[PDB]
Structure formats: C-alpha cells, structure tokens
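Enquirer: Protein chains in written order, with the authors' numbering: chain B, 2 to 93; chain A, 2 to 92.
The structure that follows is given in the form of structure tokens.
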C-alpha cells in the first residue's frame, strides 16, 4: 500500500510534468525541432518498459509508460508525416 | 537475470534518448523556453522513483532515475541562475 502509493505519486509526476508540451505539439502540429531518431529510441525504451512491468508485476512502471507511449507515439507519427510533406513539397 | 536484462535495455534507451539535448543545454546555458515548474514536477517524481526503486528492490528503475536526475538537476539549477541574472540586470 505504501510502496504502491509512493510509486503512483512518482508515476504521476514523471509522465504528466512535460505532457502539456506533447499535447500542445499534437494539436498545434509544430514539429519543427523534433528529432525522429531520438523519439524512436525513446519509444523503444517505452515498449520495453511495458514488457519489464509485465515480467516483474509492477503496476506503476506499467501504467506510466503505457500512458507515456500514447503521448509520444502520435508526436512521432505526426513528425514523420510533416517530413514526408516536406519531401514532396521540395520534390515539386 | 533475463528480467533485469530487459529492464536495463529499457532503462538505457529512455534515459539516454534525449540526454544529448540536456548535455547540450548544460554546456551552452541556453535555458530559454525552459519551464521552472515543469522541471520542479519532473525532479519531484524522479526522487520519488528513486524511493520506489529502493522500496521494491528494483535495480533497473533505480539507476535509471539516478542518472536521469543528473541530467535534469543541472538544467534547473542553471535556468534559475539565468532567470536570476536577467532579473537583477533588468532591475
């Protein structure tokens, strides 16, 4: 109870601290400085964390990175789309 | 062993994906567009995670948040100095 309470408090603060910038970026679609490669690595760690949570039976590390997956994944997808739009625009 | 192997792989990628940007910002001291508050929140969870790693004997989540603390703490310390320096200069 004490351990899980502490972890959920740790969870909440880590994933939701900089979440407004992810949400803002998704809405605004301003991916001008975003690194595609740096997000790929980040997401690789995230999916792995989910797997690590399943193995160790840890709710906190599971729920945290599952949410952090869903906040970062669209940012990566949108960033890739914007670059693709740049490729076609430059090609024209 | 195989489980701890998975955690370290997860740890390495998450804490070192965006580490270059923090190291960059530390040296350049360009703390413009950096939230004091959002970093306050961040580091609070980090230390809480450190406490969680101790509590559940999870080596992987502990060292992950240990290192991540040394990437973030200088950024907040430096951005406080910058905002301070801007304030007295403006005054």
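Just so it is clear, CB atoms sit at the ideal spot from N, CA and C, and this is done for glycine as well.
Within 8 Å of any Cβ in chain A, is that where the Cβ of residue 30/B sits?
Expert: Reading the first chain from its first residue, position 29 is the one you call residue 30/B. Not one chain A Cβ lies under 8 Å of residue 30/B.
Enquirer: Buried or exposed, going by whether 16 or more other CB atoms sit within 10 Å of the CB of residue 14/B?
Expert: Taking the first chain and counting its residues from 1, the one referred to as residue 14/B is at position 13. The residue in question, residue 14/B, is buried, as its Cβ has 16 or more Cβ neighbours within 10 Å.
Enquirer: Name the chain B residues that come within less than 8 Å of residue 61/A, Cβ to Cβ?
Expert: Position 60 of the second chain holds residue 61/A. Those are 53, listed as they occur along chain B.
Enquirer: Are the CB atoms of residue 56/A and residue 4/B within a distance shorter than 8 Å?
Expert: In the first chain, counting from the first residue as 1, residue 4/B sits at position 3. In the second chain, counting from the first residue as 1, residue 56/A sits at position 55. Their beta carbons are under 8 Å apart, which means residue 4/B touches residue 56/A by this criterion.
Enquirer: Would you say residue 47/B reaches chain A, if we count a Cβ-Cβ gap shorter than 8 Å as a contact?
Expert: As a working mapping, residue 47/B is identified with position 46 in the first chain. It does; some Cβ of chain A falls within 8 Å.
Enquirer: Buried or exposed, going by whether 16 or more other CB atoms sit within 10 Å of the CB of residue 105/A?
Expert: Nothing can be reported for residue 105/A, as the shown portion of chain A is limited to 2 through 92.
Enquirer: Can you look up residue 79/B in the DSSP assignment and give me helix, strand or coil?
Expert: Within the first chain, numbered from 1, the residue matching residue 79/B stands at position 78. For residue 79/B, the secondary structure class from DSSP, reduced to helix, strand or coil, is helix.
Enquirer: Where does the unbroken alpha helix (DSSP H) through residue 57/B begin, and where does it stop?
Expert: For this step, residue 57/B is matched to residue 56 along the first chain. Its alpha helix (DSSP H) spans residues 37-57.
Enquirer: May I ask you to list, following chain order, the residues of the segment 10-38 of chain A that have a beta carbon less than 9 Å from some beta carbon of chain B?
Expert: 10, 11, 12, 13, 14, 15, 16, 17, 18, 19, 21, 22, 36, 38
Enquirer: Please report whether the beta-carbon of residue 7/B lies at a distance below 8 Å from any beta-carbon of chain A.
Expert: Position 6 of the first chain, counted from the first residue, corresponds to residue 7/B. When Cβ-Cβ separations below 8 Å define contact, residue 7/B makes contact with chain A.
Enquirer: Quick check: the segment 49-69 of chain A against the segment 30-39 of chain A, are there 3 or more CB pairs under 8 Å?
Expert: no
Enquirer: Please state whether DSSP places residue 32/B in a helix, a strand or coil.
Expert: Position 31 of the first chain, counted from the first residue, corresponds to residue 32/B. In the structure shown, residue 32/B sits in coil (DSSP, three-state: anything other than H, G, I, E or B).
Enquirer: For residue 19/B, does the three-state DSSP call read helix, strand or coil?
Expert: By 1-based counting over the first chain, the position of residue 19/B is 18. Of the three classes helix, strand and coil, the one that applies to residue 19/B here is coil, per DSSP.
Enquirer: So with Cβ pairs under 8 Å, would you call residue 4/A a contact of chain B?
Expert: Looking up residue 4/A in the second chain gives position 3. At least one chain B Cβ lies under 8 Å of residue 4/A.
Enquirer: CB-CB under 7 Å to residue 79/A, same chain, minus the five flanking residues each way: which ones, in chain order?
Expert: Taking the second chain and counting its residues from 1, the one referred to as residue 79/A is at position 78. Correct list, in chain order: 27, 30, 32.
Enquirer: Give the residues of chain B in contact with residue 43/A, contact being defined as C-beta atoms less than 8 Å apart.
Expert: On the second chain, position 42 is the one that residue 43/A refers to. Under the 8 Å cutoff, chain B gives 14, 15, 18, 19.
Enquirer: Have a look at residue 8/A and residue 16/A and give me their C-alpha separation to the nearest angstrom.
Expert: Here residue 8/A is taken as the residue at index 7 of the second chain, counted from 1. Here residue 16/A is taken as the residue at index 15 of the second chain, counted from 1. So the two alpha carbons sit approximately 12 Å from each other.
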